[PDB]
Every structure is written in structure tokens, then in C-alpha cells.
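Encoded as C-alpha cells, the structure appears first; notes follow it.
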Amino acid sequence: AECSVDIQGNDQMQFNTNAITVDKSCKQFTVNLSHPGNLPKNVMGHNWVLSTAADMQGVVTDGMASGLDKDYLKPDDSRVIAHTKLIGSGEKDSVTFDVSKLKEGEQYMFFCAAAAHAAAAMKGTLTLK
Ligand SMILES: [Cu+2]
């Protein structure tokens with residue numbers, strides 16, 4: 001069972017993956033986010049956020065309004081299954097979540113909630129396999 005993934009968000013507003021697989025034998029799954037490049041948090045800060053496909057737009061919109069000092073997420077947002085903090089270059093963060101939080105049939109999306117980043121396609125799918 002492969003129960004973690006290392007993902008990078010760079011100074012050019014991209015993740016180095018578009019698709020995450022979660023082994024369904026995993027009890028927990030861990031995302032390790034890092035930020036190659038030179039740009040600080042306030043310029044090109046990234047996070048990793050998990051929601052259902054349907055909820056992503058809302059999470060992003062409300063997170064935009066919540067703003068930078070809230071790490072671009074509505075605090076305690078019920079739609080956020082898991083999330084890292086916002087990180088700048090040189091910084092890192094991990095998040096671990098229960099795999100039981102994912103449903104059969106459902107469609108899940110990961111993304112950066114930082115202003116404009118998801119629109120520029122800092123997103124992809126997350127799928128139970
Ligand atoms: Cu970002």
C-alpha cells in the first residue's frame with residue numbers, strides 16, 4: 001500500500017501532479033506539500049485542499065473572500081475534508097486524513113485555494129483505488 005504522496009507547488013503557479021491515487025487498503029493518507037522556487041507566501045503561497053468535486057467552486061470562492069491572513073480558506077469550512085496551511089518557497093507542510101472520509105461513487109478534487117490559483121489549474125483529482 002502506497003499511503004502518501006509528495007506534491008510540489010512552484011513559482012509558476014503549478015502543481016507537479018494532476019491526479020492523486022489513494023490505495024483503499026490505507027487507513028490514513030498523507031500529503032507532503034513543498035514549494036520549490038524563490039517567491040514568498042504573500043506573492044505565490046500554495047496550499048493543498050481536499051473537497052468533493054461539487055464543493056470545490058464554493059470552497060475557492062469563500063476562501064478568496066476570507067483572504068490571505070486566513071490562508072485563503074473560510075475558517076472551519078465543512079466542505080474541506082483535509083487541508084495544509086499556506087506555504088511559501090522553502091517551506092513545507094503535511095496533512096494526514098482518514099480514508100473513511102472518502103465515499104464510494106463520489107468524486108473528489110484537490111486544489112490550491114490561494115487567490116486565482118485554482119482557476120489557473122492548480123487542481124487535480126483524488127481517487128480511491
Ligand atoms: Cu497556490
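Labels for the C-alpha cells follow display order: chains A, B, ..., residues from 1 in each chain, ligands from 1.
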With a cut-off of 12 Å, could you pull out the residues of chain A touching ligand 1 and give me the nearest pair of atoms for each, distance in Å to one decimal, using only C-alpha atoms and all ligand atoms, ordered by chain and ascending number, as a Markdown table?
| residue | atom | partner | partner_atom_place_in_ligand_line | distance |
| --- | --- | --- | --- | --- |
| A:7 | CA | ligand 1 | 1 (Cu) | 11.9 |
| A:8 | CA | ligand 1 | 1 (Cu) | 10.1 |
| A:9 | CA | ligand 1 | 1 (Cu) | 6.7 |
| A:10 | CA | ligand 1 | 1 (Cu) | 8.2 |
| A:11 | CA | ligand 1 | 1 (Cu) | 9.0 |
| A:12 | CA | ligand 1 | 1 (Cu) | 9.4 |
| A:13 | CA | ligand 1 | 1 (Cu) | 6.0 |
| A:14 | CA | ligand 1 | 1 (Cu) | 7.4 |
| A:15 | CA | ligand 1 | 1 (Cu) | 8.2 |
| A:16 | CA | ligand 1 | 1 (Cu) | 11.9 |
| A:33 | CA | ligand 1 | 1 (Cu) | 11.0 |
| A:34 | CA | ligand 1 | 1 (Cu) | 11.2 |
| A:35 | CA | ligand 1 | 1 (Cu) | 9.6 |
| A:39 | CA | ligand 1 | 1 (Cu) | 11.4 |
| A:40 | CA | ligand 1 | 1 (Cu) | 11.4 |
| A:41 | CA | ligand 1 | 1 (Cu) | 9.3 |
| A:42 | CA | ligand 1 | 1 (Cu) | 10.6 |
| A:43 | CA | ligand 1 | 1 (Cu) | 9.7 |
| A:44 | CA | ligand 1 | 1 (Cu) | 6.4 |
| A:45 | CA | ligand 1 | 1 (Cu) | 5.5 |
| A:46 | CA | ligand 1 | 1 (Cu) | 3.4 |
| A:47 | CA | ligand 1 | 1 (Cu) | 5.8 |
| A:48 | CA | ligand 1 | 1 (Cu) | 8.1 |
| A:49 | CA | ligand 1 | 1 (Cu) | 10.1 |
| A:60 | CA | ligand 1 | 1 (Cu) | 11.2 |
| A:64 | CA | ligand 1 | 1 (Cu) | 11.7 |
| A:68 | CA | ligand 1 | 1 (Cu) | 11.3 |
| A:71 | CA | ligand 1 | 1 (Cu) | 10.4 |
| A:72 | CA | ligand 1 | 1 (Cu) | 9.7 |
| A:84 | CA | ligand 1 | 1 (Cu) | 11.4 |
| A:85 | CA | ligand 1 | 1 (Cu) | 11.0 |
| A:86 | CA | ligand 1 | 1 (Cu) | 8.1 |
| A:87 | CA | ligand 1 | 1 (Cu) | 8.7 |
| A:88 | CA | ligand 1 | 1 (Cu) | 9.3 |
| A:89 | CA | ligand 1 | 1 (Cu) | 11.2 |
| A:110 | CA | ligand 1 | 1 (Cu) | 11.5 |
| A:111 | CA | ligand 1 | 1 (Cu) | 8.0 |
| A:112 | CA | ligand 1 | 1 (Cu) | 4.6 |
| A:113 | CA | ligand 1 | 1 (Cu) | 6.4 |
| A:114 | CA | ligand 1 | 1 (Cu) | 4.9 |
| A:115 | CA | ligand 1 | 1 (Cu) | 7.6 |
| A:116 | CA | ligand 1 | 1 (Cu) | 8.0 |
| A:117 | CA | ligand 1 | 1 (Cu) | 4.9 |
| A:118 | CA | ligand 1 | 1 (Cu) | 7.2 |
| A:119 | CA | ligand 1 | 1 (Cu) | 10.0 |
| A:120 | CA | ligand 1 | 1 (Cu) | 9.2 |
| A:121 | CA | ligand 1 | 1 (Cu) | 9.4 |
| A:122 | CA | ligand 1 | 1 (Cu) | 6.4 |
| A:123 | CA | ligand 1 | 1 (Cu) | 9.2 |
- Task: Would you please extract all helix (DSSP H, G or I) residues from range 25-115 of chain A, as assigned by DSSP on the backbone, and give them as an MDAnalysis selection string?
- Result: chainID A and resid 41:44 53:66 68:70 99:101
- Item | Which of range 21-96 of chain A DSSP labels strand (DSSP E), written as a list in words | residues 21, 22, 28, 29, 30, 31, 32, 33, 34, 49, 50, 51, 52, 82, 83, 92, 93, 94, 95 and 96 of chain A
For the residues in that selection, give me C-alpha atoms as a PDB file, in the first residue's frame.
ATOM      1  CA  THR A  21      -4.420   7.848  -6.052  1.00  0.00           C
ATOM      2  CA  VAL A  22      -5.390   6.603  -2.590  1.00  0.00           C
ATOM      3  CA  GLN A  28      -4.777   7.095   6.550  1.00  0.00           C
ATOM      4  CA  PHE A  29      -3.361   9.071   3.631  1.00  0.00           C
ATOM      5  CA  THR A  30      -0.664  11.752   3.853  1.00  0.00           C
ATOM      6  CA  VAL A  31       0.017  14.676   1.506  1.00  0.00           C
ATOM      7  CA  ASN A  32       3.510  16.210   1.790  1.00  0.00           C
ATOM      8  CA  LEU A  33       3.486  19.700   0.226  1.00  0.00           C
ATOM      9  CA  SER A  34       6.667  21.619  -0.616  1.00  0.00           C
ATOM     10  CA  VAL A  49      -7.104  21.408  -0.094  1.00  0.00           C
ATOM     11  CA  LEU A  50      -9.433  18.402  -0.433  1.00  0.00           C
ATOM     12  CA  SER A  51     -13.150  18.506  -1.195  1.00  0.00           C
ATOM     13  CA  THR A  52     -15.831  16.867  -3.307  1.00  0.00           C
ATOM     14  CA  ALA A  82      -8.460  17.947   4.576  1.00  0.00           C
ATOM     15  CA  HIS A  83      -6.057  20.868   4.096  1.00  0.00           C
ATOM     16  CA  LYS A  92       6.723  22.711   3.691  1.00  0.00           C
ATOM     17  CA  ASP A  93       3.642  21.175   5.304  1.00  0.00           C
ATOM     18  CA  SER A  94       1.948  17.791   5.631  1.00  0.00           C
ATOM     19  CA  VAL A  95      -1.637  16.733   6.190  1.00  0.00           C
ATOM     20  CA  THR A  96      -2.859  13.254   7.150  1.00  0.00           C
TER      21      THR A  96
END
- Message: When you count only C-alpha atoms, which of these residues is closest to residue 126 in chain A: A:90, A:62, A:1, A:81?
- Response: A:81
- Query: Mind pulling up the distance from CA of residue 61 in chain A to CA of residue 73 in chain A?
  - Reply: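 One can read the CA of residue 73 in chain A to CA of residue 61 in chain A distance as 9.0 Å.
Taking CA of residue 58 in chain A as the reference point, CA of residue 103 in chain A is found at 19.8 Å.
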